[PDB]
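Contents: one structure, followed by commentary.
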Amino acid sequence: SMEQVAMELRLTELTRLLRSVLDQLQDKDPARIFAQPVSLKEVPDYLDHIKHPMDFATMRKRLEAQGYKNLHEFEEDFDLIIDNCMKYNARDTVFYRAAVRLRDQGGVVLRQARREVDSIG
Ligand code: NA
């Protein structure tokens, strides 16, 4: 139906936005802590700590399938990269200190993404 096709193009334009939002946040992590899912060969106890792992590659695979139906679903995953990192890794670690700065600089993008999905609809 034409109502379904108008629904699908709207998703197709959200995805384009959430890609460009995704591209912007990964620049804030330039040396790539959060590029990849934590290796369960290098970190065999990780799933004892963190029940919902996330990373930019996982977020990009979800995105290109059109699996982000809104901006809230995208933010939960971005938040999960920051949040899981800041629990596993301690404060004097650069990992926590890299997660902190992605949050802080990623806020100015997620504020300036919230009001982009919005009116665009
Ligand atoms: Na901790």
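Residues are named by chain letter and number: chains run A, B, ... in the order of the structure tokens, numbers start at 1 in each chain, and ligands are numbered from 1 in the order shown.
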At a cut-off of 10 Å, can you tabulate as a tab-separated table every residue of chain A near ligand 1 together with its closest atom pair and the distance in Å to one decimal, using only C-alpha atoms and all ligand atoms and ordering rows by chain then number?
```
residue	atom	partner	partner_atom_place_in_ligand_line	distance
A:49	CA	ligand 1	1 (Na)	9.6
A:84	CA	ligand 1	1 (Na)	9.1
A:85	CA	ligand 1	1 (Na)	8.5
A:86	CA	ligand 1	1 (Na)	6.3
A:87	CA	ligand 1	1 (Na)	3.8
A:88	CA	ligand 1	1 (Na)	5.0
A:89	CA	ligand 1	1 (Na)	5.5
A:90	CA	ligand 1	1 (Na)	5.0
A:91	CA	ligand 1	1 (Na)	7.7
A:96	CA	ligand 1	1 (Na)	9.0
```
Legend entry - DSSP alpha helix (DSSP H) residues within stretch 16-72 of chain A, as a ChimeraX atom specification: /A:16-28,46-49,56-64,71-72
Legend entry - Of the listed residues A:113, A:81, A:14, A:47, that which approaches residue A:66 most closely, counting only C-alpha atoms: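 Smallest separation from residue A:66 among the options: A:14.
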Inset, instruction - Just the residues within 10 Å of residue A:60, please, counting only C-alpha atoms, with nothing from its chain fewer than 3 positions along; format it as a list in words. - result: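 Using only C-alpha atoms, the neighbours found are residues 18, 19, 22, 23, 35, 55, 56, 57, 63, 64, 65, 66 and 67 of chain A.
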Can you spit out the residues from that selection as an mmCIF file, in the first residue's frame, using N, CA, C and O atoms?
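The resulting again.cif:
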```cif
data_model
loop_
_atom_site.group_PDB
_atom_site.id
_atom_site.type_symbol
_atom_site.label_atom_id
_atom_site.label_comp_id
_atom_site.auth_asym_id
_atom_site.auth_seq_id
_atom_site.Cartn_x
_atom_site.Cartn_y
_atom_site.Cartn_z
ATOM 1 N N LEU A 18 20.910 9.068 10.602
ATOM 2 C CA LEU A 18 21.613 8.297 11.650
ATOM 3 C C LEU A 18 22.960 7.711 11.210
ATOM 4 O O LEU A 18 23.768 7.339 12.057
ATOM 5 N N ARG A 19 23.188 7.609 9.901
ATOM 6 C CA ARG A 19 24.522 7.332 9.367
ATOM 7 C C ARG A 19 25.414 8.550 9.536
ATOM 8 O O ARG A 19 26.548 8.439 10.010
ATOM 9 N N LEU A 22 26.121 9.010 13.027
ATOM 10 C CA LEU A 22 27.098 7.967 13.389
ATOM 11 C C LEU A 22 28.516 8.321 12.947
ATOM 12 O O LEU A 22 29.460 8.187 13.725
ATOM 13 N N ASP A 23 28.658 8.760 11.700
ATOM 14 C CA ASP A 23 29.950 9.219 11.181
ATOM 15 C C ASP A 23 30.558 10.330 12.049
ATOM 16 O O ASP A 23 31.754 10.298 12.333
ATOM 17 N N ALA A 35 35.454 1.037 17.968
ATOM 18 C CA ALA A 35 35.213 0.642 16.578
ATOM 19 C C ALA A 35 34.652 -0.777 16.446
ATOM 20 O O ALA A 35 33.893 -1.062 15.513
ATOM 21 N N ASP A 55 29.294 -1.437 20.120
ATOM 22 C CA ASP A 55 30.440 -0.825 19.481
ATOM 23 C C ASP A 55 29.977 -0.320 18.132
ATOM 24 O O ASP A 55 28.979 -0.828 17.589
ATOM 25 N N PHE A 56 30.734 0.624 17.570
ATOM 26 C CA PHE A 56 30.343 1.308 16.341
ATOM 27 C C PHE A 56 30.114 0.388 15.124
ATOM 28 O O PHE A 56 29.228 0.668 14.318
ATOM 29 N N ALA A 57 30.874 -0.705 14.999
ATOM 30 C CA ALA A 57 30.665 -1.670 13.899
ATOM 31 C C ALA A 57 29.312 -2.384 14.008
ATOM 32 O O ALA A 57 28.563 -2.462 13.025
ATOM 33 N N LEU A 63 22.288 -0.355 11.476
ATOM 34 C CA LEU A 63 21.871 0.826 10.702
ATOM 35 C C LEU A 63 21.561 0.537 9.224
ATOM 36 O O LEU A 63 20.488 0.902 8.737
ATOM 37 N N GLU A 64 22.495 -0.111 8.520
ATOM 38 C CA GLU A 64 22.347 -0.381 7.075
ATOM 39 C C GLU A 64 21.242 -1.391 6.739
ATOM 40 O O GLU A 64 20.778 -1.436 5.597
ATOM 41 N N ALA A 65 20.812 -2.175 7.728
ATOM 42 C CA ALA A 65 19.594 -2.996 7.616
ATOM 43 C C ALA A 65 18.280 -2.213 7.816
ATOM 44 O O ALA A 65 17.205 -2.795 7.674
ATOM 45 N N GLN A 66 18.368 -0.912 8.115
ATOM 46 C CA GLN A 66 17.245 -0.096 8.603
ATOM 47 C C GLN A 66 16.587 -0.674 9.865
ATOM 48 O O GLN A 66 15.368 -0.849 9.931
ATOM 49 N N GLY A 67 17.421 -0.956 10.866
ATOM 50 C CA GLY A 67 16.978 -1.473 12.163
ATOM 51 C C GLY A 67 16.933 -0.442 13.283
ATOM 52 O O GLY A 67 16.831 -0.812 14.459
#
```
Legend entry - d(atom CA of residue A:51, atom CA of residue A:111) in Å: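 So the two atoms, atom CA of residue A:51 and atom CA of residue A:111, lie 27.3 Å apart.
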Legend entry - Neighbour list for residue A:33 as a ChimeraX atom specification, cut-off 9 Å, only C-alpha atoms, skip fewer than 2 positions in-chain: /A:29-31,35-36,55,95,98-99
Inset, instruction - Name the closest residue to residue A:13 among the candidates A:40, A:109, A:120, A:25; distances are taken between atoms, counting only C-alpha atoms. - result: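 Looking only at the distances to residue A:13, the closest residue turns out to be A:120.
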Legend entry - Proximity to residue A:10 - best of A:69, A:28, A:101, A:62, only C-alpha atoms: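 Among A:69, A:28, A:101, A:62, it is A:69 that comes nearest to residue A:10.
For the pair atom CA of residue A:76 and atom CA of residue A:7, the separation is 22.6 Å.
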